[PDB]
Amino acid sequence: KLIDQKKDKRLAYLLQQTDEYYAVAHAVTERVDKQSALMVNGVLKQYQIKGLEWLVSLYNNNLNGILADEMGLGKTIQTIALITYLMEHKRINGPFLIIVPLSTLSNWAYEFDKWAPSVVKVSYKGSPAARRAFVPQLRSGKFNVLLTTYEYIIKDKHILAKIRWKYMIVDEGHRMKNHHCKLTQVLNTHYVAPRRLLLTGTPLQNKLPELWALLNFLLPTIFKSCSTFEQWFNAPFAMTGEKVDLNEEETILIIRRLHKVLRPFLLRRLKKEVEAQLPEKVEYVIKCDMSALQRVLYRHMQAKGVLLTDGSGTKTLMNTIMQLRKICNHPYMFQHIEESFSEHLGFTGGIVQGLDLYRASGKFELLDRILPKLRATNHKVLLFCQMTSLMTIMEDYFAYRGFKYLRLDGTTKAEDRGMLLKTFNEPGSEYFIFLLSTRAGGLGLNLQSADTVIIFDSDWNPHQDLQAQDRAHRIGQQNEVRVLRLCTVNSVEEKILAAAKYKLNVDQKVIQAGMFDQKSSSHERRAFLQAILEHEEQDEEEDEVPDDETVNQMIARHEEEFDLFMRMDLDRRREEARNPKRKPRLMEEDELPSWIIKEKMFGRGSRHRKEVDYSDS
Amino acid sequence: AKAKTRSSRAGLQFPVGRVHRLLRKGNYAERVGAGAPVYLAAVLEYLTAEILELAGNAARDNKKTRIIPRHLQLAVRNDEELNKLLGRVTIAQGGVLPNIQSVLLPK
Amino acid sequence: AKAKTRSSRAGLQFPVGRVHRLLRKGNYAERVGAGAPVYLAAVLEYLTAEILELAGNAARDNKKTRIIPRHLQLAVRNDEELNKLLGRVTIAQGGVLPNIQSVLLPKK
Amino acid sequence: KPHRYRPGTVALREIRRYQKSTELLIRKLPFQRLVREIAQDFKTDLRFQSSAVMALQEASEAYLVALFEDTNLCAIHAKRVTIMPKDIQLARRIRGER
Amino acid sequence: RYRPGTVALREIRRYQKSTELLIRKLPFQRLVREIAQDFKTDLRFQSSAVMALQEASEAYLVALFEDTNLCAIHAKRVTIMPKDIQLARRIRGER
Amino acid sequence: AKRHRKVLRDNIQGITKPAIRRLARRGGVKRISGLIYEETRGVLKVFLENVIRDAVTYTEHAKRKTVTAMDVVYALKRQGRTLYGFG
Amino acid sequence: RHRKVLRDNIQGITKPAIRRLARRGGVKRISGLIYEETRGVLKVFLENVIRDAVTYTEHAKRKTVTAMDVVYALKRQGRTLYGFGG
Amino acid sequence: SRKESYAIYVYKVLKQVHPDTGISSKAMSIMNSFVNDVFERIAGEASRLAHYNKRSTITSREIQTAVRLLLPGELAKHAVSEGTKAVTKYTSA
Amino acid sequence: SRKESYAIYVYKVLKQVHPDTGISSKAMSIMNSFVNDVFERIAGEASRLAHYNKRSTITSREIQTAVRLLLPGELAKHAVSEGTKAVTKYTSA
DNA sequence: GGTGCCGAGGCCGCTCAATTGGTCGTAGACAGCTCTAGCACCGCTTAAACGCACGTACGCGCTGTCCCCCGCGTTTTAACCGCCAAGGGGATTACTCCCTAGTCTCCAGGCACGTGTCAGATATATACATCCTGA
DNA sequence: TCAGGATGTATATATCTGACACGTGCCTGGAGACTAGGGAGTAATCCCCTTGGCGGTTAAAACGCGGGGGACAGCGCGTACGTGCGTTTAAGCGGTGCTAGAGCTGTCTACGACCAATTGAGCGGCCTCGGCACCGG
Ligand SMILES: Nc1ncnc2c1ncn2[C@@H]1O[C@H](COP(=O)(O)OP(=O)(O)O)[C@@H](O)[C@H]1O
Ligand code: BEF
Ligand SMILES: [Mg+2]
């Protein structure tokens with residue numbers, strides 16, 4: 001087991017590393033930050049000051065750590081607090097590099113204006129003509145802070161690496177989960193910065209070795225070298241049995257040793273215990289029935305691997321799960337089914353608009369019951385989806401009911417993104433919904449004005465969806481938050497959702513059970529850790545349960561809502577009785593060749609030739 | 001037991017037995033499968049029958065009874081497939097197809 | 001019982017032993033003569049040397065030290081003998097010989 | 001009036017630079033989509049190595065460059081400098097590709 | 001008399017129907033033996049060896065004249081020039 | 001309303017007019033008619049499907065599902081277009 | 001007894017003979033400089049085939065050139081001939 | 001000595017497609033050359049098909065792939081079916 | 001697995017003619033395939049040369065004649081000279 | 001000019017493939033002899049080549065017109081590279097059996113050899129199809 | 001545009017001969033039955049690398065304008081090729097004899113395949129340094 005004769009080597013490097021347990025790492029302690037940190041406008045929360053304590057302690061002890069708070073607890077302000085503190089108490093100006101995602105760059109700029117106006121900063125972005133304008137200022141060194149994006153740290157390394165950086169800060173440090181990341185190679189080699197920090201809400205994703213890559217970047221060899229990469233786990237363990245997470249004989253101490261190893265430099269803080277006044281954030285998963293068009297398409301793609309087409313016959317798509325995922329979302333994404341139904345269903349061909357989209361996909365059917373109801377209670381709902389091709393289909397259906405929506409996607413102009421955030425967050429705003437992509441809209445954004453979140457489809461890893469949920473569940477939210485994760489009954493999405501659920505267990509062993517808040521030092525960790533084993537058993541499989549009446553119960557947060565919610569529900573029933581058209585597809589128009597379903601000849605005789613005129617007369 | 005040739009057993013007119021020997025003696029591989037000579041003799045018979053049909057038709061159109069090299073040339077070069085197979089082949093005493101450019105013809 | 005390679009006793013830098021193996025394995029004939037690999041390896045060594053020095057000369061003419069596919073292309077296509085040997089051959093990343101027809105360029 | 005080059009001198013500017021280069025002259029992605037589409041006719045559910053597609057592009061440009069060299073002589077032989085589609089058909093028919 | 005060109009078509013129509021050799025045999029055979037002396041002396045030819053060479057050579061020339069004729073037409077001519085033979089051999093890859 | 005324009009690509013059109021001119025410059029031509037671009041797309045298409053058909057035949061014979069570089073090399077050697085540099 | 005070195009036998013390929021070959025190729029009208037150009041083309045072509053045929057002949061240690069020698073010589077030039085064996 | 005040829009077999013095939021039509025001596029010599037040429041085109045390609053795949057046997061599978069490589073388009077389809085039927089009838093009885 | 005090539009032998013020849021120049025990786029694979037091409041071109045002709053004369057062995061004499069048939073003109077004269085020199089040296093030693 | 005860094009040159013450990021050594025038997029070498037096909041001659045018709053000259057059709061150079069192609073600028077688009085994810089196949093390995101080479105024994109299809117006779121020129125006599133000229 | 005005459009094309013009939021096609025004997029190569037072995041079919045496992053999707057920059061592509069270079073039609077000239085007639089040369093033929101060289105048969109022996117041990121050359125993997133690009137001028 002030799003767990004002991006591994007930490008001792010760690011104790012060496014902190015000693016040697018410091019020269020140029022927890023206590024030897026934290027040699028210098030300075031409890032002075034409680035004073036009024038000046039050049040500010042707002043006031044820090046009580047715990048944020050404690051976070052600043054942990055931050056300046058790393059500065060004194062010459063350490064690099066991870067501000068792995070939860071995904072709404074003012075991580076931008078805490079970093080700004082450190083910058084202002086160093087400029088005053090340590091009196092060092094420094095250049096203070098900061099790396100942020102593109103959509104967050106406007107937010108970071110705004111925070112400096114209202115929290116530290118005296119700090120002079122350059123927002124390094126724009127076309128190459130704009131970016132060479134900053135070069136004279138950079139060489140003079142008059143700036144104090146520089147904000148860039150992951151892209152410009154690679155594109156403009158030849159002029160950014162020249163500056164010696166008194167402190168490097170990287171926001172949303174998920175980008176470094178890959179060790180062979182091009183950003184890591186450029187950052188550690190070309191860029192010199194003694195004092196590096198990471199901000200993240202999900203310190204480790206699906207795999208355990210990814211967290212090592214973050215630590216290896218922060219502390220290259222002093223943490224532990226890459227060449228000598230001997231591990232506590234020594235092997236990845238991931239099987240249906242969750243109570244075992246390593247090749248050991250049901251041993252809990254091995255996990256408890258990791259918590260001790262990375263305790264000195266990591267600061268997790270939970271939303272529940274740190275900030276209890278936020279509302280509950282209840283989460284719901286609601287299934288969806290498959291339309292007749294989807295059911296026939298999903299069957300053949302899963303069985304034969306082919307998409308059904310017209311006689312103009314089948315096409316063989318390539319990534320089977322990806323195609324099945326698209327079918328479950330909307331069968332018009334393939335643009336071959338849409339065009340054929342553009343003609344046959346009766347109206348103009350090509351681009352298709354109407355109640356067919358209402359009826360084509362089970363997920364859209366359920367939205368049109370939900371969205372008008374949410375319009376009544378004046379709730380603003382922000383909606384995430386994975387594929388951009390789905391948004392365009394989603395965008396047309398939103399015009400048919402005339403909803404007022406904004407769409408912040410990838411491939412939207414960087415200049416426009418800041419405005420879109422402003423208009424939606426405006427008080428008295430007229431916009432009802434705000435289309436987002438998971439990858440571009442899921443990162444640091446303050447969409448606090450929305451109270452409910454619809455997750456149209458789930459990602460392969462769950463932490464991507466957890467970022468999406470917490471775009472509204474942040475500091476500054478006063479309304480109850482409800483997350484409505486759509487799903488499809490008896491489809492691959494359950495396998496995706498269940499596989500994601502399995503990845504949620506590895507971090508809960510390592511990060512969640514650690515409780516790196518410096519207050520829970522007591523033995524509650526083992527009380528927490530052993531409580532993880534028994535709740536695995538109590539799960540029971542659930543299928544084929546749309547729960548037609550329960551859905552409005554799931555939206556509603558008060559009884560007076562039901563009084564509103566029980567009006568339009570019956571009105572749709574009475575209105576639909578006049579013209580009896582199935583709410584779903586329900587085999588109505590499947591007479592298309594899809595459901596209709598389910599040169600080369602012989603030798604020496606068949607060869608068809610043309611008469612030849614050998615006569616020549 | 002009565003001896004029955006492999007050509008008759010495969011229903012061919014070409015010598016399956018001889019084709020087998022030519023493959024072994026030709027240094028094409030260390031081993032020759034049992035079905036390889038049969039398959040190859042059938043393909044050779046097909047191509048022979050395909051060209052002789054067209055040549056026989058060319059002989060008939062010229063009111064002749066015997067095939068001559070001219071008729072083989074007419075059969076091969078008029079067929080689209082056979083012309084590509086025998087693109088780099090020249091046939092002795094075959095001549096050329098009667099073909100005159102349109103621009104050369106009188107106005 | 002001391003081992004001396006057949007390449008050395010023939011004064012070659014090419015593997016007579018390996019060439020002897022390739023002939024016996026390629027089904028070229030039932031038997032392979034003793035002098036056939038020595039003769040064949042000598043010829044292959046000569047052709048290699050001809051290309052290599054010609055490509056090497058083109059490397060200096062660009063004031064470079066390494067041989068790249070461009071230099072192999074320039075060597076082969078400039079020599080009328082190697083060009084005829086490699087008429088049907090395409091050299092990847094080779095480029096073409098610089099050549100402009102007389103009519104196209106202006107001529108006052 | 002802005003400075004404008006005479007017609008032809010810019011087209012001839014390739015002599016100094018753009019005929020001594022050796023990189024591929026067709027974009028990678030459009031070519032690769034074309035290769036896969038052609039292969040759909042012969043076999044379904046086919047996969048290509050990355051180096052397999054480069055080999056096809058390497059041979060394709062060498063073929064088209066060599067064809068334009070013959071097309072250019074068929075144009076000059078007809079006392080003109082503009083290549084026309086009748087020049088390609090003459091060049092290919094002589095080679096036996098008709 | 002006949003207008004110039006009408007006898008040429010009559011000759012074209014005639015020779016494209018026949019198949020015999022278009023060259024006298026003795027002049028061709030003497031040419032073959034002269035060329036062979038440059039390579040090895042005191043050689044000796046089978047009768048079919050010379051006939052094989054003649055059949056191959058006249059098929060080469062007739063096929064070449066078909067190619068040089070298209071080059072002549074391509075330049076809007078009906079008369080074949082020596083420059084037309086050279087262009088045909090250039091495209092084929094014989095130059 | 002932009003979904004219709006993406007499908008009307010016809011990826012043979014991915015061989016753009018400037019790309020074809022770049023090939024023509026390396027071949028040494030000085031002036032190009034406007035009908036070359038359509039003609040030279042057909043010439044490339046015919047050339048590719050001859051080589052692709054042979055490369056796939058080699059692949060299918062070997063029980064493989066992936067076209068390797070040797071399959072392309074072997075196909076080209078069969079058309080007398082030997083290629084060096086891909087093993 | 002004494003072999004006489006043949007000389008200038010290319011002129012045996014007469015002007016009418018070249019015209020007949022041109023007619024079979026569909027040529028309607030022939031320039032005057034064609035005839036010397038053709039005699040050069042025939043000579044170059046015919047030397048290449050003789051060179052290989054003699055190479056095949058001397059390798060077999062024979063003194064006569066057979067039809068197989070010519071057929072094998074032609075097949076390397078890329079132009080197979082039917083009707084003489086093989 | 002005796003010289004082998006396909007003369008009698010070509011003559012047998014002729015009488016199945018044109019029972020009245022005959023063949024001349026020079027034409028038979030061309031047909032004899034045609035069969036010999038095509039035989040070596042198939043066998044040579046099948047030879048290196050086995051070499052590419054590290055096999056040491058040429059089988060009816062190697063012959064069929066070689067036919068698909070050489071014969072043009074629609075002509076290859078009939079040859080493949082002709083060969084498969086022969087090997088099928090040969091194996092069964 | 002171990003894959004054989006001519007890389008080291010080509011590099012030895014390179015330092016004989018240009019002691020200082022190096023060769024890139026792509027240029028090295030181009031040279032490697034060139035040697036394979038010429039090898040099977042000569043070996044293929046010599047094999048066919050021995051079949052014509054009803055021999056069953058490939059000797060240096062077939063290799064010599066194949067060089068004349070394949071290499072053009074002045075290349076063949078020098079290649080024959082090198083091959084003859086190597087065989088006499090090998091036989092004497 | 002100078003700085004940078006990716007690709008190449010150089011070093012080491014580990015096999016497996018080339019070398020050495022014998023043994024065998026068959027391919028290749030040599031001599032002798034046969035006979036056939038190629039080389040050379042002769043004289044002869046006579047068809048093909050040569051030569052001369054006339055006119056005429058065509059190559060060729062010039063000119064003028066016009067419109068298509070080139071070049072430039074502005075906006076737009078998608079290739080490119082960076083990144084996420086999952087799993088289909090491309091390799092290996094091990095086992096084992098069935099197909100193929102090899103042998104001997106029949107034995108009958110196919111080759112050379114003669115033989116008979118008929119399909120396809122070749123020559124005669126003839127009414128129509130094509131041009132060249134006149135109108 | 002139609003009529004006439006001349007030449008040439010296409011037509012029906014004897015007849016004739018040399019080659020196609022048939023029959024015969026026979027020898028050698030193919031078929032039938034056996035045995036021994038190893039090539040390859042088959043199963044199982046590992047993990048490389050292929051595929052589809054999004055994100056965000058920016059260089060290339062696209063669209064349009066505008067001018068002039070070049071393609072094409074037309075016309076006039078004059079030279080060189082085609083047509084035909086008459087003269088000259090040498091090819092094609094049918095012999096004939098000579099003999100040289102290819103083919104065949106029989107011995108004989110040296111060389112190359114086969115096998116079995118043995119070790120080092122050649123390959124994969126690694127450090128390390130510099131040739132070459134590149135960012136500016
Ligand atoms: N002391 C404070 N006063 C006002 N607002 C705060 C304070 N601390 C945090 N916030 C709010 O919390 C939100 C999150 O800030 P940020 O540093 O981005 O944390 P995260 O990265 O977890 O979202 C911001 O919208 C900010 O307005
Ligand atoms: F944690 Be916040 F979403 F930056
Ligand atoms: Mg943040």
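In the text below, chain A, chain B and the rest are named by the order of the sequence lines, each starting its count at 1. Below, each value reflects all heavy atoms present in this structure, side chains not excepted, and no hydrogens, waters or symmetry copies.
- Using a 4.0 Å heavy-atom distance criterion, H:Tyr9 is classed as a sugar-phosphate-only contact.
- Between A:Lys155 and K:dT58 there is a side-chain N or O to OP1 or OP2 distance below 4.0 Å.
- Salt bridge absent: G:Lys63 and E:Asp42 never bring a charged side-chain N and a carboxylate O closer than 4.0 Å.
- The residue A:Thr149 sits apart from the nucleic acid: no heavy atom pair falls under 4.0 Å.
- Taking atom P on both J:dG114 and J:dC35, the two are 15 Å apart, rounded to the nearest angstrom.
- Between H:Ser24 and K:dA19 there is no side-chain N or O to OP1 or OP2 distance below 4.0 Å.
- Distance from the side chain of D:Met84 is smallest to K:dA71 among K:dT9, J:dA57, K:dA71.
- When distances run from any side-chain atom of G:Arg19 to the nucleotides K:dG82, K:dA102, K:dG92, the shortest one goes to K:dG82.
- Within the nucleic acid shown, F:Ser33 comes within 4.0 Å of sugar-phosphate atoms alone, with no base atom in reach, counting heavy atoms only.
- As judged by a 4.0 angstrom heavy-atom cut-off over every strand, A:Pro128 is placed among residues touching the sugar-phosphate backbone only.
- Side chains of D:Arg36 and D:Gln32: a donor on one and an acceptor on the other come within 3.5 Å.
- By the side-chain contact (heavy atoms from CB on, under 4.5 Å) test, G:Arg29 pairs with E:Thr79, sequence neighbours left out.
- The shortest distance between the side-chain N/O atoms of D:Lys28 and the OP1/OP2 oxygens of J:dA78 is not below 4.0 Å.
- In terms of phosphate contacts, C:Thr65 brings no side-chain nitrogen or oxygen within less than 4.0 Å of OP1 or OP2 of K:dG131.
- If you check every strand for non-hydrogen atoms under 4.0 Å, F:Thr68 touches nothing.
- Of the side-chain N and O atoms in I:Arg2, none sit less than 4.0 angstrom from OP1 or OP2 of J:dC14.
- OP1 or OP2 of J:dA49 sits under 4.0 Å from a side-chain N or O of G:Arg20.
- Position along DNA chain J of the nearest nucleotide to H:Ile8 versus C:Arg31 favours C:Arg31 as the more 5'-ward residue.
- Contact annotation: E:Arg1 does not reach the phosphate of J:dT56 (side-chain N/O to OP1 or OP2, under 4.0 Å).
- Nearer the 5' end of DNA chain J, as judged by each residue's closest nucleotide, is the contact made by G:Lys15, out of G:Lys15 and A:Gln205.
- Phosphate proximity of K:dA71 to D:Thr82: present, with a side-chain N or O under 4.0 Å from OP1 or OP2.
- Listed pair A:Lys162 / J:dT3 fails the phosphate criterion, with no side-chain N or O lying under 4.0 Å from OP1 or OP2.
- Heavy atoms of E:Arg14 sit nowhere under 4.0 angstrom from any nucleic acid atom.
- Using the sign of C1'-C2'-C3'-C4' as the criterion, J:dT46 is classed as south-puckered.
- Within the 4.0 angstrom heavy-atom criterion, no nucleotide atom of any strand lies near A:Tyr150.
- For J:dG7 and J:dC81, the P atoms lie 14 Å apart once the distance is rounded to whole Å.
- Note that E:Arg10 lies in the cation-pi zone of E:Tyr2, set by a 6.0 Å cut-off to the ring centre and a 45° limit from the axis.
- If you check J:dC131, J:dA85, J:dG87 against the side chain of A:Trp460, the one that comes closest is J:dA85.
- Within 4.0 Å of A:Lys157, counting heavy atoms only, lies no atom of the nucleic acid at all.
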Worksheet entry | Stepwise side-chain hydrogen bond (donor to acceptor under 3.5 Å, both in side chains) test for A:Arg417 and A:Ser103 | CA-CA 7 Å; A:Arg417 290 163 189 243; A:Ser103 305; 2.7 Å; yes

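- Taking 4.0 angstrom as the limit, D:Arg47 places a side-chain polar atom (N or O) nearer than this to OP1 or OP2 of J:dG89.
- H:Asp20 and H:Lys15 are not joined by a salt bridge, as no carboxylate oxygen comes within less than 4.0 angstrom of a charged side-chain nitrogen.
- No contact: A:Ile154 has no heavy atom under 4.0 Å from any strand.
- Donor-acceptor pairing under 3.5 Å, judged by distance alone, is absent between the side chain of C:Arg66 and the base of K:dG131.
- Of the candidates K:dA91, K:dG32, K:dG55, K:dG55 carries the atom nearest the A:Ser437 side chain, counting heavy atoms from C-beta on.
- Contact between the side-chain N/O atoms of E:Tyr2 and the OP1/OP2 oxygens of K:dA6 is not found at any separation under 4.0 Å.
- Using a 4.0 Å heavy-atom distance criterion, A:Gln464 is classed as making no nucleic acid contact.
- The gap from the P atom of K:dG120 to that of K:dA44 amounts to 45 Å, rounded to the nearest Å.
- Taking the P atom of each, K:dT128 and K:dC54 are spaced 46 Å apart, rounded to whole Å.
- Counting only heavy atoms from C-beta on, H:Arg55 has its side chain closest to K:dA40 among K:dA40, J:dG89, K:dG29.
- Side-chain polar atoms of F:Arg21 and F:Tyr37 form a donor-acceptor pair below 3.5 angstrom.
- Under the 4.0 Å criterion applied to side-chain N and carboxylate O atoms, H:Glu4 and B:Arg21 are assigned as salt-bridge partners.
- Proximity note for C:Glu30 (side chain, C-beta onward) versus J:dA27, J:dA121, K:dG122: the nearest is J:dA27.
- A:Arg325 comes within contact range of no nucleotide atom at all, as no heavy-atom separation falls under 4.0 Å.
- Residue contacts shown for F:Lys2 are absent, as no nucleic acid heavy atom lies under 4.0 Å away.
- Remark: C:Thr5 is not in phosphate contact with J:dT19, judged by side-chain N or O atoms under 4.0 Å from OP1 or OP2.
- Nucleotides K:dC81 and J:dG61 place their P atoms 16 Å apart, quoted to the nearest Å.
- For A:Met387, taking side-chain heavy atoms from C-beta onward, the closest of the listed nucleotides J:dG38, K:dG53, J:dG87 is K:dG53.
- Here I:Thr57 does not reach the OP1 or OP2 of J:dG28: none of its side-chain N or O atoms lies under 4.0 Å away.
- At the phosphate of K:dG84, neither OP1 nor OP2 sits under 4.0 Å from any side-chain N or O atom of E:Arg3.
- Heavy atoms of A:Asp409 sit under 4.0 angstrom from primed sugar atoms or phosphate atoms, though from no base atom.
- G:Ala17 comes within 4.0 angstrom of nothing in the nucleic acid, heavy atoms only.
- Tested against A:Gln386, the residues A:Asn329, A:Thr438, A:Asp457 include a single side-chain hydrogen bond (donor to acceptor under 3.5 Å, both in side chains) partner, A:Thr438.
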